[PDB]
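Beneath this line is the structure, given in structure tokens, with notes to follow.
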Amino acid sequence: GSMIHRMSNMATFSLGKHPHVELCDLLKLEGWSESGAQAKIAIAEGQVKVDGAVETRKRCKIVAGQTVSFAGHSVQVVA
């Protein structure tokens, strides 16, 4: 056997029982952007790649066990 992890990156966001969230909310809360739109992590994250979406809107209609991806920041969400 030769395959050990390092620090372990279990990036998992919570949603609960809401209609959905904005790329800024998911990100900001998850700890992506300190402000939400400073490094353009909002609009960007969109245009990057989302679990089922390849767009770049201001708000996103996603819920449950879905993932979001931006540049190098990849995290999943549950609801």
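Labels used: A, B, ... for chains in the order of the structure tokens, numbers from 1 for residues in each chain, and numbers from 1 for ligands as shown.
All residues in chain A with a DSSP state of strand (DSSP E or B), computed from the backbone, read residues 12, 13, 14, 21, 49, 50, 53, 60, 66, 67, 68, 69, 70, 73, 74, 75, 76, 77 and 78 of chain A.
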Item to check | Nearby residues (only C-alpha atoms) at most 10 Å from residue 43 of chain A, same-chain spacing under 2 positions excluded, as a PyMOL selection string | outcome: chain A and resi 23-24+36-37+39-41+45-48+55-59+70
Next on the checklist: List the spatial neighbours of residue 19 of chain A as an MDAnalysis selection string - criterion: any atom at most 12 Å away, only C-alpha atoms, same-chain residues fewer than 4 positions off excluded.
Outcome noted: chainID A and resid 15 60:64 79
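Atom CA of residue 9 of chain A lies 17.5 Å from atom CA of residue 28 of chain A.
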Item to check | Picked from segment 11-72 of chain A by DSSP as alpha helix (DSSP H), as a list in words | outcome: residues 23, 24, 25, 26, 27, 28, 29, 30, 41, 42, 43, 44, 45, 46, 47 and 48 of chain A
Would you export the selected residues with N, CA and C atoms as a PDB file, in the first residue's frame, please?
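Full text of out_0.pdb as output:
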ATOM      1  N   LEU A  23     -24.019  31.944  -5.643  1.00  0.00           N
ATOM      2  CA  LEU A  23     -22.607  31.558  -5.693  1.00  0.00           C
ATOM      3  C   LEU A  23     -21.785  32.316  -4.652  1.00  0.00           C
ATOM      4  N   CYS A  24     -22.209  33.537  -4.340  1.00  0.00           N
ATOM      5  CA  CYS A  24     -21.513  34.362  -3.361  1.00  0.00           C
ATOM      6  C   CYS A  24     -21.739  33.837  -1.947  1.00  0.00           C
ATOM      7  N   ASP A  25     -22.964  33.409  -1.665  1.00  0.00           N
ATOM      8  CA  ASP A  25     -23.302  32.884  -0.349  1.00  0.00           C
ATOM      9  C   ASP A  25     -22.549  31.587  -0.077  1.00  0.00           C
ATOM     10  N   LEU A  26     -22.679  30.635  -0.994  1.00  0.00           N
ATOM     11  CA  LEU A  26     -22.009  29.348  -0.859  1.00  0.00           C
ATOM     12  C   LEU A  26     -20.513  29.536  -0.666  1.00  0.00           C
ATOM     13  N   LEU A  27     -19.927  30.358  -1.524  1.00  0.00           N
ATOM     14  CA  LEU A  27     -18.497  30.628  -1.489  1.00  0.00           C
ATOM     15  C   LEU A  27     -18.094  31.361  -0.217  1.00  0.00           C
ATOM     16  N   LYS A  28     -18.619  32.571  -0.047  1.00  0.00           N
ATOM     17  CA  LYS A  28     -18.310  33.386   1.124  1.00  0.00           C
ATOM     18  C   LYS A  28     -18.346  32.550   2.398  1.00  0.00           C
ATOM     19  N   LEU A  29     -19.501  31.957   2.669  1.00  0.00           N
ATOM     20  CA  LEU A  29     -19.673  31.131   3.854  1.00  0.00           C
ATOM     21  C   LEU A  29     -18.639  30.005   3.899  1.00  0.00           C
ATOM     22  N   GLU A  30     -18.466  29.299   2.783  1.00  0.00           N
ATOM     23  CA  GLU A  30     -17.499  28.204   2.730  1.00  0.00           C
ATOM     24  C   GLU A  30     -16.075  28.697   2.973  1.00  0.00           C
ATOM     25  N   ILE A  41     -14.341  36.381  -7.109  1.00  0.00           N
ATOM     26  CA  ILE A  41     -14.601  34.970  -6.857  1.00  0.00           C
ATOM     27  C   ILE A  41     -16.060  34.609  -7.123  1.00  0.00           C
ATOM     28  N   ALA A  42     -16.920  35.616  -7.147  1.00  0.00           N
ATOM     29  CA  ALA A  42     -18.333  35.387  -7.403  1.00  0.00           C
ATOM     30  C   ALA A  42     -18.570  35.072  -8.878  1.00  0.00           C
ATOM     31  N   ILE A  43     -18.585  36.118  -9.702  1.00  0.00           N
ATOM     32  CA  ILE A  43     -18.790  35.959 -11.140  1.00  0.00           C
ATOM     33  C   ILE A  43     -17.914  34.837 -11.688  1.00  0.00           C
ATOM     34  N   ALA A  44     -16.649  34.829 -11.273  1.00  0.00           N
ATOM     35  CA  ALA A  44     -15.704  33.807 -11.711  1.00  0.00           C
ATOM     36  C   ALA A  44     -16.246  32.411 -11.433  1.00  0.00           C
ATOM     37  N   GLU A  45     -16.348  32.057 -10.148  1.00  0.00           N
ATOM     38  CA  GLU A  45     -16.857  30.746  -9.740  1.00  0.00           C
ATOM     39  C   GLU A  45     -17.911  30.252 -10.720  1.00  0.00           C
ATOM     40  N   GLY A  46     -18.824  31.140 -11.093  1.00  0.00           N
ATOM     41  CA  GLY A  46     -19.840  30.769 -12.056  1.00  0.00           C
ATOM     42  C   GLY A  46     -19.203  30.299 -13.351  1.00  0.00           C
ATOM     43  N   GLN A  47     -18.683  31.253 -14.120  1.00  0.00           N
ATOM     44  CA  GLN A  47     -18.038  30.973 -15.407  1.00  0.00           C
ATOM     45  C   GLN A  47     -17.055  29.800 -15.339  1.00  0.00           C
ATOM     46  N   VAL A  48     -16.678  29.387 -14.133  1.00  0.00           N
ATOM     47  CA  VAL A  48     -15.747  28.276 -13.987  1.00  0.00           C
ATOM     48  C   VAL A  48     -16.457  26.953 -14.277  1.00  0.00           C
TER      49      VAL A  48
END
Next on the checklist: So, with only C-alpha atoms as the atoms that count, which of A:68, A:3, A:77, A:11 lies closest to residue 54 of chain A?
Outcome noted: A:68
Next on the checklist: Report as a ChimeraX atom specification all protein, DNA and RNA residues lying within 7 Å of residue 51 of chain A, evaluated on only C-alpha atoms, omitting residues in the same chain fewer than 2 positions from it.
Outcome noted: /A:49,53,66-68
Suppose we keep N, CA, C and O atoms; can you now write the selection as a PDB file, in the first residue's frame?
ATOM      1  N   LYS A  49     -17.068  26.339 -13.264  1.00  0.00           N
ATOM      2  CA  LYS A  49     -17.780  25.081 -13.468  1.00  0.00           C
ATOM      3  C   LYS A  49     -18.537  24.670 -12.210  1.00  0.00           C
ATOM      4  O   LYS A  49     -17.970  24.627 -11.118  1.00  0.00           O
ATOM      5  N   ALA A  53     -23.942  22.928 -13.885  1.00  0.00           N
ATOM      6  CA  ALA A  53     -24.031  24.244 -14.503  1.00  0.00           C
ATOM      7  C   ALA A  53     -22.669  24.715 -14.998  1.00  0.00           C
ATOM      8  O   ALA A  53     -21.669  24.611 -14.288  1.00  0.00           O
ATOM      9  N   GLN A  66     -24.763  19.085  -3.931  1.00  0.00           N
ATOM     10  CA  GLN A  66     -24.152  19.564  -5.169  1.00  0.00           C
ATOM     11  C   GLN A  66     -22.787  20.190  -4.898  1.00  0.00           C
ATOM     12  O   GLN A  66     -22.484  20.579  -3.773  1.00  0.00           O
ATOM     13  N   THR A  67     -21.957  20.259  -5.935  1.00  0.00           N
ATOM     14  CA  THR A  67     -20.608  20.807  -5.806  1.00  0.00           C
ATOM     15  C   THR A  67     -20.409  22.061  -6.657  1.00  0.00           C
ATOM     16  O   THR A  67     -21.075  22.252  -7.674  1.00  0.00           O
ATOM     17  N   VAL A  68     -19.466  22.900  -6.231  1.00  0.00           N
ATOM     18  CA  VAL A  68     -19.137  24.131  -6.942  1.00  0.00           C
ATOM     19  C   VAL A  68     -17.626  24.179  -7.207  1.00  0.00           C
ATOM     20  O   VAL A  68     -16.840  23.718  -6.380  1.00  0.00           O
TER      21      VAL A  68
END
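As for atom CA of residue 74 of chain A and atom CA of residue 17 of chain A, they are spaced 22.3 Å apart.
Straight-line separation from atom CA of residue 33 of chain A to atom CA of residue 5 of chain A: 25.7 Å.
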